[PDB]
Amino acid sequence: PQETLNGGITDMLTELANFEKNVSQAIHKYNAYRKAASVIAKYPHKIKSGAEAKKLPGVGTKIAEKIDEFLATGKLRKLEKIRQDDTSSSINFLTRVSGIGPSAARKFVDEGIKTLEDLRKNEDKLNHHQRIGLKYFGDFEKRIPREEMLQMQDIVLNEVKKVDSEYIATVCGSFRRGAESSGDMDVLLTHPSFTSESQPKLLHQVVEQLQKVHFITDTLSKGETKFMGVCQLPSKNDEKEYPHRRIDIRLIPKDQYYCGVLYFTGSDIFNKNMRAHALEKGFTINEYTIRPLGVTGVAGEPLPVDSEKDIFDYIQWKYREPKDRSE
DNA sequence: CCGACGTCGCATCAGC
DNA sequence: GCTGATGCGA
DNA sequence: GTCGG
Ligand SMILES: Nc1nc2c(ncn2[C@H]2C[C@H](O)[C@@H](COP(=O)(O)NP(=O)(O)OP(=O)(O)O)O2)c(=O)[nH]1
Ligand SMILES: [Mg+2]
Ligand SMILES: [Mg+2]
Ligand code: NA
Ligand code: NA
């Protein structure tokens with residue numbers, strides 16, 4: 001609809017979801033709430049009763065009751081109570097630091113560490129990832145205008161070709177879907193000498209080069225196929241500095257390029273129903289392959305993939321442009 | 001009544 | 001030292 | 001928390 005049609009309900013469900021994940025550490029209740037928030041978020045009428053909402057898939061008795069209470073009062077007593085709870089709301093908040101999950105947040109709060117100030121007082125107790133998440137807390141929650149995304153892409157493609165002209169770098173994620181803004185940058189990397197059957201340092205050449213031209217500023221994690229770090233556009237002689245941005249760089253086998261491009265172009269919710277159709281057509285799709293499903297449900301051998309739409313044709317789907325892969 | 005609820009790479013911890 | 005398990009983000 | 005075997 002418009003996100004506001006049942007906004008209060010979906011806001012409430014989302015807040016309930018976060019407390020289940022971060023505080024209660026009940027990941028399945030977390031998803032149950034988000035599943036209900038999502039299906040309500042697309043329901044094109046103003047909900048007037050919990051029973052009305054209960055018609056939708058993912059909405060059960062407990063949520064139906066909560067909707068009734070919300071409609072009657074404009075609030076949930078449980079939600080009002082946990083909001084003012086110092087321990088629970090502190091644990092919930094600290095998980096907004098990249099690197100601090102439900103477990104780390106609990107440990108910090110248990111030993112009296114509850115705010116960003118407390119975190120800054122206590123570098124000793126943070127790991128490498130958490131320090132950077134702390135250092136760029138504000139920046140990581142800013143969004144990236146597409147104009148900056150294009151400027152970031154310019155640098156990536158240029159430096160990647162410079163190291164080795166036979167690389168292929170493809171920016172995926174929300175950018176490739178043509179979104180007006182993005183939360184981060186995801187880059188897919190491929191090279192002729194790295195395929196599933198079979199040069200050592202392919203990912204770390206590229207990382208090193210982007211560090212050399214001062215694009216990449218920090219490293220959260222780095223393996224041989226997956227890089228997670230921080231980047232920043234260069235600013236002009238007098239102009240204000242750009243925010244620091246999250247950037248992932250992944251090295252995928254060349255003969256699995258399109259399955260990776262599809263997978264990491266998303267969106268996550270597009271992917272989850274694309275594999276979902278696939279699981280009902282006798283197919284299965286991961287980030288590497290599309291495999292046929294045998295009579296007893298067992299997956300056979302990887303199929304030939306030479307384009308993104310090959311995957312689409314396999315599974316009864318008209319090809320869809322990245323632009324329409326919002327869900 | 002009760003088990004399922006995607007999967008993955010990397011960092012770090014538990015334990016031998 | 002190591003392997004396996006768990007946390008984390010995605 | 002919701003769904004379904
Ligand atoms: N396996 C898996 N993949 C996910 C998940 N979530 C997202 N992706 C897979 C598909 C995601 O689309 C994608 C690329 O990751 P992002 O940058 O995190 N998401 P995007 O670029 O769409 O949004 P944004 O503008 O906020 O950055 O990777 C997930 O929970 N699980
Ligand atoms: Mg992204
Ligand atoms: Mg990303
Ligand atoms: Na329902
Ligand atoms: Na976090």
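What you see below is based on every heavy atom in this structure, not just the backbone, and it leaves out hydrogens, waters and symmetry mates. Chain A is the first sequence line, chain B the second, and so forth, proteins listed ahead of strands; every chain is numbered from 1.
- In the region residues 51-66 of chain A, proximity to DNA chain D at under 4.0 angstrom, judged on heavy atoms, holds for A/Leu56, A/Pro57, A/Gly58, A/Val59, A/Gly60, A/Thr61, A/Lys62, A/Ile63, A/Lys66.
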Validation: residues 54-66 of chain A side-chain donor-acceptor distances under 3.5 Å, sequence neighbours left out:
none

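- Shown here are the side chain to side chain donor-acceptor pair (under 3.5 Å) partners of A/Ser98, two or more places apart in sequence or in another chain: A/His129.
- Distance alone, capped at 3.5 Å, is enough to place a donor-acceptor pair between the A/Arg246 side chain and the A/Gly229 backbone.
- In the 5' to 3' direction, nucleotides of DNA chain C lying under 4.0 Å from heavy atoms of chain A begin and end at C/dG7 to C/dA10.
- Partners of A/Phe312 according to the ring pair (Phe, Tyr, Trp, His ring centres under 6.0 Å) rule, which considers only residues two or more places apart in sequence or in another chain, are A/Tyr319.
- Because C1'-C2'-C3'-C4' is negative for D/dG1, its sugar is assigned to the south class.
- For A/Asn273, there are no side chain to side chain donor-acceptor pair (under 3.5 Å) partners two or more places apart in sequence or in a different chain.
- Taking the salt bridge (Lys or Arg N to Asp or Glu O under 4.0 Å) definition, one finds that A/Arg120 meets it with nothing, sequence neighbours left out.
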Summarise protein proximity over nucleotides 5-14 of chain B in one line of letters, 5' to 3': B for base, S for sugar-phosphate only, - for none, counting protein heavy atoms closer than 4.0 Å. BS-SBSSS--

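- With sequence neighbours excluded, the residues that form a ring pair (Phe, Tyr, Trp, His ring centres under 6.0 Å) with A/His277 are A/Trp317.
- Looking at heavy-atom distances under 4.0 Å, A/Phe264 makes no contact with the nucleic acid at all.
- In 5' to 3' order, the nucleotides of DNA chain D bounding all contacts with chain A (an atom under 4.0 Å from a heavy atom) are D/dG1 to D/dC3.
- Applying a 4.0 Å cut-off to non-hydrogen atoms, the residues of residues 67-106 of chain A that approach DNA chain C are A/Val97, A/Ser98, A/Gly99, A/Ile100, A/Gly101, A/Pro102, A/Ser103, A/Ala104, listed by residue number.
- Annotation: side chain to side chain donor-acceptor pair (under 3.5 Å) contacts of A/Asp139 (sequence neighbours excluded): A/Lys142.
- A donor-acceptor pair is defined here as one N or O able to donate and one able to accept, closer than 3.5 Å; such a pair exists between the side chain of A/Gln232 and the backbone of A/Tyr242.
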